[PDB]
Amino acid sequence: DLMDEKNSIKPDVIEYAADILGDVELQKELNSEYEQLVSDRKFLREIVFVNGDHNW
Amino acid sequence: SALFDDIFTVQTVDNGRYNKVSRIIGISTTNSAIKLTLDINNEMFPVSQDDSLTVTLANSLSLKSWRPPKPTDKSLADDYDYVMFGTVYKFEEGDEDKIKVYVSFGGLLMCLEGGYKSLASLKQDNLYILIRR
Amino acid sequence: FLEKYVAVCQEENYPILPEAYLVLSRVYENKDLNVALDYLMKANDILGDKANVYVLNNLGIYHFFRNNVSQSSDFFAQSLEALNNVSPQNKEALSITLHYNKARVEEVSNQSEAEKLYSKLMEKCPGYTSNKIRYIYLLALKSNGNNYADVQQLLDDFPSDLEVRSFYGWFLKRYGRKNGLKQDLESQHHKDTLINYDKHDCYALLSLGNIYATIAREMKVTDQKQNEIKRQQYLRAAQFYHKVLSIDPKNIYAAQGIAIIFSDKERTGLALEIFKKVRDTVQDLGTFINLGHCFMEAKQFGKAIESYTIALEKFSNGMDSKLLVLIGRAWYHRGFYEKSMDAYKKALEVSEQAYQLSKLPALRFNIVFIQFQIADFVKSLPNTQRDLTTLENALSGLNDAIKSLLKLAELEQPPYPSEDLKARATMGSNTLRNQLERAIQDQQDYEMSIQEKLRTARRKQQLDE
Amino acid sequence: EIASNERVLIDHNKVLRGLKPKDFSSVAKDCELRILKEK
Amino acid sequence: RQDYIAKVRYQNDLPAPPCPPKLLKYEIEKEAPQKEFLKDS
């Protein structure tokens, strides 16, 4: 989350932490990534591996 | 020269499975919350409970192939009774002031718990431990 | 041979002679107090009711050296009880010895009974020296060295006694300036002791070395000749210490003096090694203070902070102002060389605590200097590396520091000339004060821009949703 | 008689040793080579 | 040089003499009792 400060990337790990908060296009990109991850989770959990086995 | 120095009192000595190796646990006299778990060779540096040990950690013995030391040269190890050389394989930057350093002296393991200020300089690839008693 | 005899007797089931145990304990006195005490206990168990006064006294002394106060006291009580069975010829001497030992144990526990027994024995035997030495020493502790006449009289009584001379020299070193005596008077006394009584006494040699080092340190340096004379005095002190080491290489104080001389000679590494070895050997307040000083000279400010903290906690118990001053100086050095604000905050808090303990002009100036450095560093910091709260605290500290600078300039004998104090206050108020306000305005603008971005993003997100 | 019967556990020079003595012979040698022999 | 005020004085002061309790020599620490004990039949 690039809007809430305490739910963002830690500032000591990135050089550019100053000009990250408040950006909306980068938040759009991050939201697209997270939606892709959620879709992958749903696809794996409901179709491929119903019993939840994750070591393949 | 030396990256850490303190004096420890041995609380427990555990021989356990082995015959030539002992686990010793010590806490610093000048500063609690500093712990030392260590493997030592019994036959060369035997220790007993409630002993006082002067532990020093250095990144070099000065004042690549190993050679038997000439009697003429002098190094930092001349002042101590037990010197080991190992590699640091974990530097746990833990909680607010809880730092753990794991060092393996060829399979003989050491863990050093302490505050960040004391163990800040111990972020090295290899360390010598020098024990005096 | 005694161990072989013990083993043979044990194998033969024959009564082991306790005299062998006493001989073994006597030998182990100089090697292992633990083994000697164990052998003495075995001999006492063999004797049973045949225990003598000497065995009980030695057991009590062993436990006293082992800090076993209860067991030592019990053994001394048993020795006093057995004193009733002593032969009349040696009864007086053994009673005097046991009373002296009991008085020593009291002096450990309670000085009043020790002084009472000291008076009792002094009336019983005025010729004894250790009793008089301890009694006069306790009186000097109670009287803050107001019994110099008693010390001089005791010195006159036993001019050949090394203990009396050493105690008199210690009293001189303690209160020479209080008594207004000659600076070299103790030097002449120790020189006479060495030349005419014993030239191998390490006590007088160390005293002379300390005196010579003090003379060299106080000597003003103007050219090469004066520095060479200072080096010659240090060489005399070093020769005293080297003779002491030749007498005994296990002398911590000789090495400490050597390290101090090296510190005067800027040989920091040797002094650091010596101080580390000394700390490994013995742990007192002076060793920790010297270690902190060496770390400050070695630019290891964190280790200096640790050493000063340990010195404060272990011995001074957080009461001495000088250790707090040293901690504040070390914190300021760390903050200056490492550009750390938290070091400045801790130094400021330590200085404030020390001042509230003392309220002296020196600590007032220290607080002012810390606040000025804090304001300068905060102004030098970028906006992204600071916040409004730090700016406000720095500005308030700057105002208070200017007021205290004026207060110091109004004093009689300020630590620094009042003109310098007023000039520094004016310089801080003229430019630094306005730069602080400019930094505050820039920080406020930066925060406002951040909040504007944060409030603008959410509206567009809601519009998209 | 008191002096004859009196014995002191530790010597005047050895009082700094006590139960745990340590050696500064290397320190003495370094002092000789670097103070008395200092150039 | 208007800076932090601090005084440095190394502490190497010798302690006062301890005057510890004196050990008492055994009876077998004297030459005559030694002679009597060794010459026993």
# chains A, B, ... in the order shown; residues from 1 in each chain; ligands from 1
>>> residues_around(residues="segment 23-29 of chain E", least_positions_apart="5", cutoff="6 Å", atoms="only C-alpha atoms", output="list in words")
residues 54 and 58 of chain C; 5, 6, 7 and 8 of chain D; 34 of chain E
>>> write_last_selection(atoms="C-alpha atoms", output="CSV table (one decimal), in the first residue's frame")
chain,number,residue,atom,x,y,z
C,54,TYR,CA,46.8,-22.7,65.0
C,58,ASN,CA,44.5,-20.8,59.7
D,5,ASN,CA,55.0,-17.3,65.4
D,6,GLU,CA,53.5,-14.7,63.0
D,7,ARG,CA,53.2,-15.8,59.4
D,8,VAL,CA,51.8,-13.7,56.5
E,34,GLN,CA,60.7,-31.3,64.3
>>> residues_around(residues="residue 20 of chain A", least_positions_apart="4", cutoff="12 Å", atoms="only C-alpha atoms", output="list in words")
residues 1, 2, 3, 4, 5, 8, 9, 10, 11, 14, 15, 16, 24, 25, 26 and 27 of chain A; 450, 453 and 454 of chain C
>>> interface_residues(of="chain C", to="chain A", cutoff="10 Å", atoms="only C-alpha atoms", output="list in words")
residues 384, 450, 451, 452, 453, 454, 455, 456, 457, 458, 460 and 461 of chain C
>>> write_last_selection(atoms="C-alpha atoms", output="PDB file, in the first residue's frame")
ATOM      1  CA  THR C 384      13.992  14.547   4.797  1.00  0.00           C
ATOM      2  CA  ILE C 450       3.163  15.468   1.424  1.00  0.00           C
ATOM      3  CA  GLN C 451      -0.333  15.899   2.840  1.00  0.00           C
ATOM      4  CA  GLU C 452      -1.557  17.501  -0.389  1.00  0.00           C
ATOM      5  CA  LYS C 453      -0.339  14.517  -2.413  1.00  0.00           C
ATOM      6  CA  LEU C 454      -1.878  12.063   0.053  1.00  0.00           C
ATOM      7  CA  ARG C 455      -5.257  13.811  -0.021  1.00  0.00           C
ATOM      8  CA  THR C 456      -5.248  14.175  -3.815  1.00  0.00           C
ATOM      9  CA  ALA C 457      -4.482  10.501  -4.509  1.00  0.00           C
ATOM     10  CA  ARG C 458      -7.500   9.101  -2.650  1.00  0.00           C
ATOM     11  CA  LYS C 460      -8.792  10.090  -7.872  1.00  0.00           C
ATOM     12  CA  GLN C 461      -8.843   6.487  -6.651  1.00  0.00           C
TER      13      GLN C 461
END
>>> interface_residues(of="chain E", to="chain C", cutoff="9 Å", atoms="only C-alpha atoms", output="VMD selection string")
chain E and resid 2 to 29
>>> interface_residues(of="chain D", to="chain E", cutoff="12 Å", atoms="only C-alpha atoms", output="PDB file with N, CA, C and O atoms, in the first residue's frame")
ATOM      1  N   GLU D   1      58.591 -13.393  70.291  1.00  0.00           N
ATOM      2  CA  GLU D   1      57.809 -14.615  70.139  1.00  0.00           C
ATOM      3  C   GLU D   1      56.652 -14.412  69.169  1.00  0.00           C
ATOM      4  O   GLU D   1      56.339 -15.301  68.368  1.00  0.00           O
ATOM      5  N   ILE D   2      56.002 -13.248  69.230  1.00  0.00           N
ATOM      6  CA  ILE D   2      54.923 -12.943  68.294  1.00  0.00           C
ATOM      7  C   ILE D   2      55.452 -12.933  66.866  1.00  0.00           C
ATOM      8  O   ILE D   2      54.860 -13.531  65.960  1.00  0.00           O
ATOM      9  N   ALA D   3      56.589 -12.268  66.648  1.00  0.00           N
ATOM     10  CA  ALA D   3      57.170 -12.206  65.311  1.00  0.00           C
ATOM     11  C   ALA D   3      57.558 -13.592  64.811  1.00  0.00           C
ATOM     12  O   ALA D   3      57.365 -13.912  63.632  1.00  0.00           O
ATOM     13  N   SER D   4      58.116 -14.424  65.693  1.00  0.00           N
ATOM     14  CA  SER D   4      58.481 -15.783  65.305  1.00  0.00           C
ATOM     15  C   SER D   4      57.252 -16.606  64.938  1.00  0.00           C
ATOM     16  O   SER D   4      57.267 -17.347  63.949  1.00  0.00           O
ATOM     17  N   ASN D   5      56.180 -16.494  65.724  1.00  0.00           N
ATOM     18  CA  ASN D   5      54.970 -17.260  65.443  1.00  0.00           C
ATOM     19  C   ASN D   5      54.156 -16.665  64.300  1.00  0.00           C
ATOM     20  O   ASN D   5      53.423 -17.396  63.626  1.00  0.00           O
ATOM     21  N   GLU D   6      54.261 -15.357  64.072  1.00  0.00           N
ATOM     22  CA  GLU D   6      53.494 -14.719  63.010  1.00  0.00           C
ATOM     23  C   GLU D   6      53.945 -15.205  61.639  1.00  0.00           C
ATOM     24  O   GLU D   6      55.143 -15.307  61.356  1.00  0.00           O
ATOM     25  N   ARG D   7      52.971 -15.504  60.785  1.00  0.00           N
ATOM     26  CA  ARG D   7      53.206 -15.803  59.381  1.00  0.00           C
ATOM     27  C   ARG D   7      52.181 -15.044  58.554  1.00  0.00           C
ATOM     28  O   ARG D   7      51.012 -14.950  58.940  1.00  0.00           O
ATOM     29  N   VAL D   8      52.618 -14.491  57.428  1.00  0.00           N
ATOM     30  CA  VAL D   8      51.751 -13.727  56.539  1.00  0.00           C
ATOM     31  C   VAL D   8      51.530 -14.552  55.279  1.00  0.00           C
ATOM     32  O   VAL D   8      52.490 -15.068  54.693  1.00  0.00           O
ATOM     33  N   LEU D   9      50.264 -14.686  54.873  1.00  0.00           N
ATOM     34  CA  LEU D   9      49.929 -15.579  53.767  1.00  0.00           C
ATOM     35  C   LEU D   9      50.572 -15.127  52.461  1.00  0.00           C
ATOM     36  O   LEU D   9      51.078 -15.954  51.692  1.00  0.00           O
ATOM     37  N   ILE D  10      50.566 -13.825  52.191  1.00  0.00           N
ATOM     38  CA  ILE D  10      51.079 -13.298  50.934  1.00  0.00           C
ATOM     39  C   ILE D  10      52.186 -12.294  51.231  1.00  0.00           C
ATOM     40  O   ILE D  10      52.167 -11.600  52.252  1.00  0.00           O
ATOM     41  N   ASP D  11      53.164 -12.230  50.335  1.00  0.00           N
ATOM     42  CA  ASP D  11      54.327 -11.381  50.528  1.00  0.00           C
ATOM     43  C   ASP D  11      54.023  -9.942  50.114  1.00  0.00           C
ATOM     44  O   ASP D  11      52.992  -9.643  49.507  1.00  0.00           O
ATOM     45  N   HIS D  12      54.944  -9.040  50.465  1.00  0.00           N
ATOM     46  CA  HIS D  12      54.775  -7.629  50.129  1.00  0.00           C
ATOM     47  C   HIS D  12      54.762  -7.420  48.619  1.00  0.00           C
ATOM     48  O   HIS D  12      53.936  -6.666  48.092  1.00  0.00           O
ATOM     49  N   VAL D  15      51.594  -9.402  46.948  1.00  0.00           N
ATOM     50  CA  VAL D  15      50.235  -9.041  47.344  1.00  0.00           C
ATOM     51  C   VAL D  15      49.372  -8.731  46.126  1.00  0.00           C
ATOM     52  O   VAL D  15      48.150  -8.922  46.155  1.00  0.00           O
ATOM     53  N   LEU D  16      49.983  -8.262  45.036  1.00  0.00           N
ATOM     54  CA  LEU D  16      49.231  -8.015  43.812  1.00  0.00           C
ATOM     55  C   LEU D  16      48.873  -9.299  43.078  1.00  0.00           C
ATOM     56  O   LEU D  16      48.008  -9.272  42.197  1.00  0.00           O
TER      57      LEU D  16
END
